[PDB]
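# Inside the fold
Here is how the chains run, residue by residue.
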Number of protein chains: 12
Amino acid sequence: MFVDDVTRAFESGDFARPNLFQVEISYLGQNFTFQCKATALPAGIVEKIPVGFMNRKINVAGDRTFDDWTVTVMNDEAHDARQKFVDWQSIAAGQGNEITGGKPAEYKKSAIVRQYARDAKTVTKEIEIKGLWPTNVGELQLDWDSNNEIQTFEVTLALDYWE
Amino acid sequence: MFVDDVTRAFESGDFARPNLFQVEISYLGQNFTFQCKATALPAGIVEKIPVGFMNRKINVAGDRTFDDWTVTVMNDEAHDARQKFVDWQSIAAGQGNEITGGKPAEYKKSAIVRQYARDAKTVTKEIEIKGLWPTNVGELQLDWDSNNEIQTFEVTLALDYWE
Amino acid sequence: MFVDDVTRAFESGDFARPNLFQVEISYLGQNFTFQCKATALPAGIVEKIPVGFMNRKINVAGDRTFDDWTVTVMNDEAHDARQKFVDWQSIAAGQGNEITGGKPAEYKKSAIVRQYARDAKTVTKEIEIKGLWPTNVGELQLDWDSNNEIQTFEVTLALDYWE
Amino acid sequence: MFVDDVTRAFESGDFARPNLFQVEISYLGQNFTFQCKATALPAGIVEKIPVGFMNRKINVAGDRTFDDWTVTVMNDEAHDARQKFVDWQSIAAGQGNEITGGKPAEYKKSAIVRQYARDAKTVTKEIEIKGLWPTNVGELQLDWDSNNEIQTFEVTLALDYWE
Amino acid sequence: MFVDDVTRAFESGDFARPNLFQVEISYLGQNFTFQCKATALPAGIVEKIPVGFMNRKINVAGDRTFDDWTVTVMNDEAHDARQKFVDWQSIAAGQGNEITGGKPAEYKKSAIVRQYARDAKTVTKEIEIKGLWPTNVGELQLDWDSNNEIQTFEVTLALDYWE
Amino acid sequence: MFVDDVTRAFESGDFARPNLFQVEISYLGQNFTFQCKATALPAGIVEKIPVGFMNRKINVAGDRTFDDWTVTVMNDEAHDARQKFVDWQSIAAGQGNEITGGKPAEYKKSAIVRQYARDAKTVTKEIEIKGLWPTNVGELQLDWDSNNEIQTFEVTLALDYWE
Amino acid sequence: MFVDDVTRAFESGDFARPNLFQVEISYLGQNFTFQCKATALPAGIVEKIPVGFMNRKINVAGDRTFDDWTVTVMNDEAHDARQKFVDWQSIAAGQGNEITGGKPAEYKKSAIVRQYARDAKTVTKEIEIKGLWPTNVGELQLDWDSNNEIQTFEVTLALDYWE
Amino acid sequence: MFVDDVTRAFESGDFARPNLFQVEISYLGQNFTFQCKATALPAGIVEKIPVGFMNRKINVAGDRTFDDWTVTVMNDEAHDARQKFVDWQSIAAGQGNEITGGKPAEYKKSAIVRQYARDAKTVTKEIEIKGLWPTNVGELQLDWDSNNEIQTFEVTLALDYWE
Amino acid sequence: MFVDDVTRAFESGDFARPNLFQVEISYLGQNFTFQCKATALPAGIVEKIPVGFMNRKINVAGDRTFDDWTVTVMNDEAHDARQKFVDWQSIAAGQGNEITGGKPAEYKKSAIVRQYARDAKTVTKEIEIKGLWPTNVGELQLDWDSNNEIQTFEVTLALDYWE
Amino acid sequence: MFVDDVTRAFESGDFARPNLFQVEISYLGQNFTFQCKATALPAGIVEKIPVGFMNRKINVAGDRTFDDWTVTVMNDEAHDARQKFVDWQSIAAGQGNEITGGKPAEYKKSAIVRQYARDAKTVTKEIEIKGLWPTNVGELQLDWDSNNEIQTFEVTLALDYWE
Amino acid sequence: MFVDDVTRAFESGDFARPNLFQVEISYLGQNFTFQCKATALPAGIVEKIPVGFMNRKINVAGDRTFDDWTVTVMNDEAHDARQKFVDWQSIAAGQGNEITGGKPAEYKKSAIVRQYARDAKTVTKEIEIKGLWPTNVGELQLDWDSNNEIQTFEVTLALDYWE
Amino acid sequence: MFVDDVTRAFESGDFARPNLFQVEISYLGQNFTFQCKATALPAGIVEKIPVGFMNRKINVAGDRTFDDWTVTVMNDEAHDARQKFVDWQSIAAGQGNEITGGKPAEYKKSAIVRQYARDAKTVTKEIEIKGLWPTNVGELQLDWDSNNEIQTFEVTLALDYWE
């Protein structure tokens, strides 16, 4: 029972940090993977079935659902970082006076998020998400009053499953 | 892997700011485009259809809806900046003891919001919204107790689509 | 594109302030118009009708409703500033062991709120509200613990229309 | 238009304060009127009837309801200040293993709240409430952790009408 | 009208404090009465019956309900202060793989809470609660991050009546 | 009546602390028991049955339910501390393009949480929970903006009963 | 460009001194105007409103506030120089076991401070302050250790405006 | 306008000194009044209420508070000059392993401070303070390094009012 | 590498001095420019935007703000050097029982500060400040105790920009 | 009224000195009582409860707290004077890679501080402090630059009560 | 162990001095490097992450931040030493009535500070700072009262990293 | 009771001095131990837990924290005494355009500080600190104005524990 015992519990004696990750989408491109500021890893949500047997409840495993994947990115001046979400979302549902759609093999894409170790060139864990299309894109905040902030916005991306 | 690598990801090595925009409405006039203090860009909202196949859910693209467009502007002494919203909204629904209406080609207008680059004379991105009429106008706050504030108010403007 | 350009956008180069207004009611009297500390201007509320045509929604103007008008005033020692709301509200609904009412031409009155310019003797804008009767009067807060505050209370006044 | 003009609007040139009141109940006794720390004056609540005539709404006076009267008092060591609420409330509904009731002429009492002027010996306004019985009594907070506080509790008293 | 007049209103010229109480339960034992840190006295809750007679409402006394009794206690190392709640609650409902119950004369107990005067050896008021069994026990919070806190937890105890 | 009397009430004259615990799961392994930062002990939740007899309510013991067990742990670089929750949860419900399940004897496990005394090598109380499977795993927060924080996440674990 | 040029800039070729003033209050009397040792002239405090227009700030005039007026006077043996502040302040708020107040026309007085020229009999500038009542009076310092000092004290006097 | 004119302004042509006072407490005794080295006279503190009327503020008298009374005394060898503060303060709050209190008529005492004229046998002004009990007693400084100093300490005494 | 090398670095081999300046305001007049004793040149304040990219921060230029301009001047006997600040500030906000204001083109003025070379008749650098109005004027210190000092005071002047 | 009258007020005609004390701790030993250079006597801190009754405040005695006890001692070469604080503090909290604790009867000790009369062999006053354990030990200052100083350090010792 | 042993510890037997440095910026020019009087070397700031494991804290390395770089320089008569900071800062943010900006490759420059040995022609250490732009420039102090001083001012320069 | 009695209290009759120490770090080297001018010994910081039992507080030992270790050293011409801190700190966090890290077994080192007796060759006490890495390094002060000073700087070093 020692205070150095927790470093023995982990490999390399180190802690993972909430920064030192990098997420890339092959549909967006190699420049987008520097643009994504913050996100969350998708949870594994399983509902519970309580079943009554004689005044008491035992619990059995229900059915799996998937929580939505929230990603907030930065924005440059030419707005291509936001337009390439809107163009990718307009394949699904379509926008404008004209109406169009897309087949699910056409707009649903995949993404790879990976966390780095303390050595920044090391890739210690890769997490893959499959079947992605953005649920909502935008709510961009712009004002004359906020002065020193950066222009950013959050998008949510529906997913079928993540390995 | 460098800290200067994020400047390579953006054009011109610079970040877009939440200020340095300017929004004009051709119905209001050239003086209104100096009056609008703060707003938001409209999001692209697409609902999700979860569909059950054998204990699991795959997701397909639903239908597009449009979020409301919230704009808050300043106010001068003569209140023409607010009256020209009320006159534009009275074409739609009408106000007073007399009752009147308007055809949708008569009150629904268009607007252009554009963001500037760090050079203020450069127009780097223009975003057009079509089919606009103000949903609600007002809730103006005025009191003897607030001393150093400016007199401002927020309006919301319904829209059909934005390119 | 200059920082002095916003002063060109307004008449007289000045901003309207949230103070420097004065609201009078002809039913209450000339002494009440010094008593009203804070209020709000009534908004123009128009509901929206989304209508489905082929997977999409266009929006048409709905019907006008009127938001309630909230006024909070000060109070002197003799409580006539509050009693004259209660007497004006007892014409409508009546209070006490006896029961009485009033015809709508008898209790519904009018009011004029006006904002001043930076020169305090100038009346730059007059806003008229028609058909007023107080919805609720009171919720007065009085305690031995609040020491340096002033005794005030808020009333809400139903309205038919405001020009 | 002067800053001394607001003192002309009030009698005696003075403001009413949120303290400098004193509330007595003839059922409780002359010692209770020093015990009541804080309360509120009851509001005059009148609901609104919006009625549709041809796309618009005019408003007519609805029906009067009465808001509940909230009083919070101090407490001495012998708890008679709280017991005399419980005894007065046990006439109405009854408490304990035995069950009892009371006729409404027996437990419903009256109360007089009065506000003083800046001269403390002057009674400038008397407000009478009729038909009082306490709705709930208690929720007393007592703990070893709160150190410098006083022991107090809040009661609410149902009322038929207040003049 | 004096500032020393409030000391005349109370017996012994003193105020009751939110500390300086002590609550004992004969089922728990003489050591538990040092363990209870904080609680509340149970309120006397009586619902109101508004009854319509000709556009107005008079109020008559409804029916008595009893609010739940919330007690939060400290915890020693051996957890007997918490186990003796769980054992007392397992008489009522039972816990574990086996299922059991208890008759209401077996698990429902009584409790005496008493407040002391400023002289700590004086018992100025005793309040008795009858028919007690704990509704929920636990939600204990324990973490490596909270450092200087004490380990405590809150229980709620259902009651039939309190004198 | 003394201030040292509370030390007499407890064994060893000491207080239990919210830290100085350690929770192990035999399914996870001996290295996981250093990883769990914070949790809560599960409560004993028993619903109440109010029953009406002649204007009053007596209360009888209802039925036992079990609150969910919330555990938040740390995370190392290789993410095995999180993967071993996902692998343990994929036995129950299954994840990926393929669909699978598990029998309740296969994924439901047990856990032992124990609190230490002030001497850290002493085990003063062991609490056992039976029938555990994680309800949801994840919602991991990772961002470039949070700098000095540690990477952690919270899981909830359904349980049948705890002794 | 000469060193005698600064004497040309002033009238009479002389400088005003920080002594050679004399302040009188008509409420206090003709003997008080020899008693006031030191004070300050009240400043003209105007807050600033910075307003954002397109990455920059222009400034407009805010609202006037008045700084408090600090006066420190000497003291004679009979303490009438201090008692006549306390009597003048007891008209406003009242002191002692009995409680009293005063109307604002009764305790708010005026004062004239005037600076003399180098000829002491000349009155070169008179400054009037209106609406005065002392905010705090006292903090008198008296000790056996301070030997050669004079007994003095500082008072602060609230003001509405000074011409 | 003369330099001898200031002696005409005062009675007896003399100045009051910061020494030449003597303060006695009837509870402490006739020997304590030689022991008190230094103190301050209590101020008359009245808070200000700024009230907004149309861009400006007029000020009305707020509520009286009382500043604490700071007294520093000498100390003899037997420490009775300090013990008689601690015994007088232990009546209020109590000290030691046993816990006790006191009623406010028992520990709150009165004091008379009086200033002498230049003739030391003359009593020119008596100031009475009522309702005194020491807030804190002690912080005594004792060290081997301070050599020629006297042993002294400062106490603060809460007060209700001073005439 | 020589000690005479620093004289080669500057033009004319000389150093600028903190005296040998002269500041004039065209609104005040030609006599005011001899009156200003001391001031400071306004700084160029630009806030910094730290932006997080992968455990590190790069910095980009924020937004310009302007520090306030502090000027302290002398005072003659007739106080016109101070009155002409108060009259210039009363155009902006107004002072007295009457209330008035001013348009920003009416009270905002300009100023030229210039530093001289060692030859006093040479003007080596002119610095212009635009859009000036005094934020606060006064806090004048005058006392019988300060003997050999000169009567002076400090004013602060808000500015839009300085070239 | 004489200057020899102050010697009559004290016993033995003498003053207590800030030196001529000696403090011993039975846990430390008989050699430590020569080591303690400087300290302070613990104060008696009682918080005040201001309570509002009708625009005024009366004060009642709050609750006793204890200020921390600050002791600074000398240091010899072998550092046992500091190590015996660290060993006494390591019983409470423990230090090093291993983690340990102590029961409060094991590390909390007592101390006796006593002041001497001018005759150094006389013990005129003994003050006892109970329940002591050092809060912090150290911050030792050592440098090559301080030459003629002695090596000393200050410790603070938490206490339950002092007689 | 000798007093000459410290000269053996250093190369060349000598000490580095706080003078005998020289800092040049290639953007400013070869004449600026004689102008810089005083500065500081930038620190290496790394925040600490304390992490709780079982009543104790181990520390791991946090994230690097960079402190601002403060440089104070002299000033000649023509003010080009200050203007060339303002021109370099106006590339970043822009100043005046017109508004402009700059790309970060345009205004961010580099600097080399180097310290000399006791032989002044020897360059013993070169320290490079990258990515520099001045945060604030100015606060220049100039007055008629300071006589023998030199005219100087301090600027702060934001930096990305220093080798 | 003698003045030679204090020499009996210490071993060898002598006092420890604030100089006559020497601190070495095995990571830095044998030449660094002559370079360290001044430092402090780390304190033993233990927070206090006040716990409320019946109007009073007893204190129990909280949790140990460690204060930061501040060391200021000299500097030679070649700056290796400072570079070897920066290189040791760049193992932890990394500096420059490239980003790197280090495992906690790689950068955390140990140090031995020891104090000498009056005989300089005697080592009377050795104090070991474990787990060291510098928190911040630098803030070096260098100027042309400081003439006779030596070039020095202070670093702070985070620590896990010291024996």
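Residues numbered from 1 in each chain as written, not as in the entry; some residues may be left out. Chains lettered and ligands numbered in written order. Part of a larger assembly, values for the part shown. Heavy atoms only, no water.

Judging from the entry metadata, cryo-EM is the method by which this structure was determined, and 3.4 Å is the reported resolution.

This part covers the overall build of chain A. Along chain A, the regular secondary structure elements total 3 helices and 10 strands. Along chain A, helices (α) and strands (β) appear in the sequence α-β-β-β-β-β-α-α-β-β-β-β-β when read from the amino end. A globule of 163 residues ought to have a C-alpha radius of gyration of about 15 Å, yet chain A, at 21 Å, is considerably larger. In terms of overall dimensions, chain A has a C-alpha envelope of 60 × 50 × 35 Å along the principal axes. Counting the 163 residues in chain A, one finds 58% classified as buried. For chain A, restricting intrachain contacts to residue pairs at least 6 apart in sequence, the fraction spanning at least 24 positions comes to 58%. Surface exposure of chain A reaches about 6500 Å², of which carbon and sulfur atoms provide 50%. (Helix = DSSP H or I, 4+ residues; strand = E, 2+ residues; numbered from the N terminus. Rg over C-alpha atoms; globule rule 2.2 N^0.38 Å. Buried < 20%, exposed > 50% of the residue type's maximum accessible area, 1.4 Å probe, protein only. Contact = heavy atoms within 4.5 Å. Areas by Shrake-Rupley, 256 points an atom, 1.4 Å probe, with all protein chains shown as cover.)

Once that is clear, we can look at the interface of chain B and chain C. Taken residue by residue, the interface counts 50 residues in chain B and 49 residues in chain C. Contact between chain B and chain C buries roughly 4300 Å² in total, counting both sides, with carbon and sulfur atoms accounting for 55%. On the chain B side of the contact with chain C, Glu-77, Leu-142 and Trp-144 of chain B bury the most area, a combined 20% of that side's loss. Between chain B and chain C we count 0 salt bridges in total. Counting only elements with at least two residues in the side of chain B that touches chain C, the list comes to β4 (56-66), α2 (80-92), α3 (104-107), β7 (123-138) and β8 (140-143) of chain B. A class-by-class count of the residues in the side of chain B that touches chain C yields 20 nonpolar, 19 polar and 11 charged. In terms of strand pairing, β8 of chain B meets strand β2 (residues 36-41) of chain C through 4 bridges, oriented antiparallel. Directly across from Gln-141 of chain B, in β2 of chain C, lies its bridge partner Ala-40 of chain C. (Buried area = accessible area lost by both parts, 1.4 Å probe. Salt bridge = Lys/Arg side-chain N within 4 Å of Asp/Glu carboxyl O. Nonpolar A, V, L, I, M, F, W, Y, C, P; charged D, E, K, R; others polar. Pairing = 2+ DSSP bridges.)

Time to look at the environment of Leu-142 of chain H. With respect to the helices, strands and loops of the structure, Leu-142 of chain H is situated in strand β8 (residues 140-143). For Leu-142 of chain H, a relative accessible area of 3% puts it in the buried group. Placed 10 residues apart in sequence, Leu-142 of chain H and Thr-152 of chain H show a C-alpha to C-alpha distance of 9.2 Å. Beyond its immediate chain neighbours, meaning those up to four positions away, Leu-142 of chain H contacts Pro-18, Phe-21, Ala-38, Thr-39 and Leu-41 of chain J.

Before going further, it helps to spend a moment on the relation of the copies chain B and chain C. Between chain B and chain C, which share one sequence, the superposing operator has a rotation angle of 60° and an axial displacement of 0.0 Å; the RMSD is 0.0 Å. What we have between these two chains is a six-fold relation. When each C-alpha of chain B is compared by its distance to the rotation axis, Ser-146 of chain B comes out closest, at 21 Å. Both copies present different contact surfaces, since only 10% of the interface residues of chain B are interface residues in chain C too. (Least-squares fit on C-alpha atoms.)

For the rest of this paragraph, the subject is the pairing of strand β2 (residues 36-41) of chain J. All names here are of chain J. Burial analysis of β2 places 5 of its 6 residues in the buried class, which makes it a mostly covered element. Sheet analysis places β2 next to strand β5 (residues 69-74), joined by 3 bridges and oriented antiparallel. In the strand pairing of β5, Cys-36 is matched with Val-73.

On to a negative patch on the surface. A cluster of acidic residues, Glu-98 of chain A together with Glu-126, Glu-128 and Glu-163 of chain B, forms a negative patch on the protein surface. Overall, the relative accessible area of 48% leaves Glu-126 of chain B in the partly exposed class. (Patch = residues over 30% accessible without salt bridge, like charges linked within 9 Å, V, L, I, M, F, W, Y side chains within 5 Å. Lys, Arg positive; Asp, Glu negative; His and termini not counted. Charge placed at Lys NZ, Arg CZ, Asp CG, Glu CD.)

Below, the discussion takes up the environment of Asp-5 of chain B. Residues and elements named next belong to chain B. Mapped onto the elements of the fold, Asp-5 is located in helix α1 (residues 5-9). The class of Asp-5 is buried, set by a relative accessible area of 12%. Between the alpha carbons of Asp-5 and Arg-118 there is a distance of 20 Å; along the sequence they are 113 residues apart. In this structure the side chain of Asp-5 is engaged in a polar contact, spanning 2.6 Å, whose partner is the side chain of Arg-8. (Polar contact = N/O pair within 3.5 Å; in protein donor to acceptor, adjacent residues only side chain to side chain.)

This part is about the arrangement of the chains. Contact between chain F and chain G is absent, and the least distance between their C-alpha atoms amounts to 24 Å. Contact between chain H and chain K is absent, and the least distance between their C-alpha atoms amounts to 30 Å.

With that settled, consider the packing of aromatic side chains. Any aromatic ring pair is given by two values, namely how distant the centres are and how the planes are angled relative to each other. Under the counting rule described, the total for this entry stands at 96 aromatic pairs over all chains. Taken together, a centroid distance of 5.7 Å and an interplanar angle of 85° make the contact between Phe-10 of chain H and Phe-15 of chain H edge-to-face. Relative to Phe-85 of chain K, the ring of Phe-32 of chain K lies with its centre 5.5 Å away and its plane at 75°, an arrangement referred to as edge-to-face. With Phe-32 of chain K in the loop between β1 (21-24) and β2 (36-41) and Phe-85 of chain K in helix α2 (residues 80-92), the pair connects residues that are 53 residues apart, well separated along the chain. An aromatic cluster of three or more residues is present, and its members are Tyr-27, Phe-32, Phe-85, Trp-88 and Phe-153 of chain A. Over the aromatic face of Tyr-27 of chain E sits the side chain of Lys-109 of chain E, whose NZ or CZ is 5.0 Å from the ring centroid. (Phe/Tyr/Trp six-rings, centres within 6.5 Å; stacked < 30°, edge-to-face > 60°. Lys NZ or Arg CZ within 6 Å of the ring centre and 35° of its normal.)

Proximity of charged atoms lets side chains of opposite charge pair with each other. All names here are of chain K. The final tally for this structure, using the stated rule, is 77 salt bridges over all chains. Linking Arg-114 and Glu-24 is a salt bridge whose minimum nitrogen-to-oxygen distance equals 3.2 Å. Of this pair, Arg-114 sits in strand β6 (residues 109-116) while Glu-24 is found in strand β1, placing the two residues 90 residues apart along the sequence.

Further remarks concern the side chain of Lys-108 of chain I. Within the secondary structure layout, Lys-108 of chain I lies in the loop between α3 (104-107) and β6 (109-116). Within polar-contact distance, the side chain of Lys-108 of chain I engages the backbone oxygen of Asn-59 of chain G at 3.0 Å. Once residues lying within four places of it in the same chain are set aside, the contact partners of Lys-108 of chain I are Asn-59 of chain G together with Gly-131, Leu-132, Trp-133 and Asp-160 of chain I.

Okay, the environment of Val-23 of chain I next. Within the fold, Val-23 of chain I resides in strand β1 (residues 21-24). In contact with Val-23 of chain I, other than residues within four places in its own chain, are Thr-33, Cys-36, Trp-69, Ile-112 and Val-113 of chain I.

By the element assignment, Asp-160 of chain F lies in the loop between β9 (152-158) and β10 (161-162). Reaching out from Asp-160 of chain F, the side chain makes a polar contact with the backbone nitrogen of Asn-59 of chain A at a distance of 3.1 Å. Aside from chain neighbours lying at most four places away, what touches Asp-160 of chain F is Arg-56, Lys-57, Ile-58 and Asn-59 of chain A together with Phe-66, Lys-108, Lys-130 and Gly-131 of chain F.

With that out of the way, let us pick up α2 of chain B. Residues and elements named next belong to chain B. For α2, built from 13 residues, the straight-helix expectation of 18 Å at 1.5 Å per residue is met to within 8% by its first-to-last C-alpha distance of 19 Å. Among all positions of α2, only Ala-81, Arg-82, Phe-85, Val-86, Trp-88, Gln-89, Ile-91 and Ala-92 are buried. Immediately beyond the C-terminal end of α2, within one or two residues, lies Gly-94, with a positive phi of roughly 85°. (Expected span 1.5 Å × (residues − 1).)

Residues and elements named next belong to chain C. Even without being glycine, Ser-12 reaches a positive phi, approximately 65°. Inspection of the secondary structure puts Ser-12 in the loop between α1 (5-9) and β1 (21-24). Taking relative accessible area as the criterion, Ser-12 reaches 40% and is therefore assigned partly exposed.

Nonpolar side chains collect at one region of the surface, where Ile-49, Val-51 and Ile-58 of chain A lie side by side and expose about 240 Å² of accessible area between them. Relative to the helices and strands, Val-51 of chain A is located in strand β3 (residues 44-53).

Next up on the list: the pairing of strand β4 (residues 56-66) of chain C. Residues and elements named next belong to chain C. Two strands pair when backbone bridges link them, and strand β3 (residues 44-53) and β4 are joined in this way by 9 bridges, in the antiparallel orientation. Residue pairing for β4: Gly-44 is matched across the bridge by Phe-66. Linking β3 to β4, which pair antiparallel, is a turn of 2 residues; within it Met-54 sits at a positive phi near 60°.

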